[PDB]
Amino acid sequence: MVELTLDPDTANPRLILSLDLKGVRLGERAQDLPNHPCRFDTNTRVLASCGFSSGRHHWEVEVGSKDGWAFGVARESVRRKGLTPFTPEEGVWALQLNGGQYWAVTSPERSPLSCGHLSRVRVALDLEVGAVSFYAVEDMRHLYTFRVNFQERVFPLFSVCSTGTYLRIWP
């Protein structure tokens, strides 16, 4: 378990980060925010402040019951400026609620999971093995592993592209 926080200088301005920087969900308005070259200008994305070069690292994620959220990890080099496809070629290995269904966001086609209703999810990042893995805390059922030859710093990633849903880091 890692105590991760959200990097408000990466966040889309349409996002609303919780006081403690653990929560995120879409607002209905852009905000005046000092556009860095590191901020996600168009896609509804925010990384964690802390990224990883080496080792195993766990975070847990409380997810909504309604569509809008994807999350997982992204390589540091993930493009920030412009509309960017949400795919492994673009440096993004994620889980997704969309049409009331859980998907590993693979390409060319997305992979549907036949997992049960999800509430909280453990994210296992193994850089020394070259994999990011997703488990339901509810019994540590394995949801999906992406096998990836990471060749750089890898950051926790969160996207919320509809109102009515959210993601919360635990702990």
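One rule holds for the numbers: they count along the sequence shown, beginning at 1.
Between 31-39 and 119-127, the higher mean Cα B-factor belongs to 31-39. According to the PDB record, 138-146 carries the higher mean C-alpha B-factor of the two stretches 138-146 and 40-48. When all modelled residues of the chain are sorted by CA temperature factor, residue 154 is found within the middle third.
Per the PDB record, residue ranking by Cα B-factor puts residue 21 in the highest third of the chain. Sorting the modelled residues of the chain by their CA temperature factor places residue 111 in the middle third.
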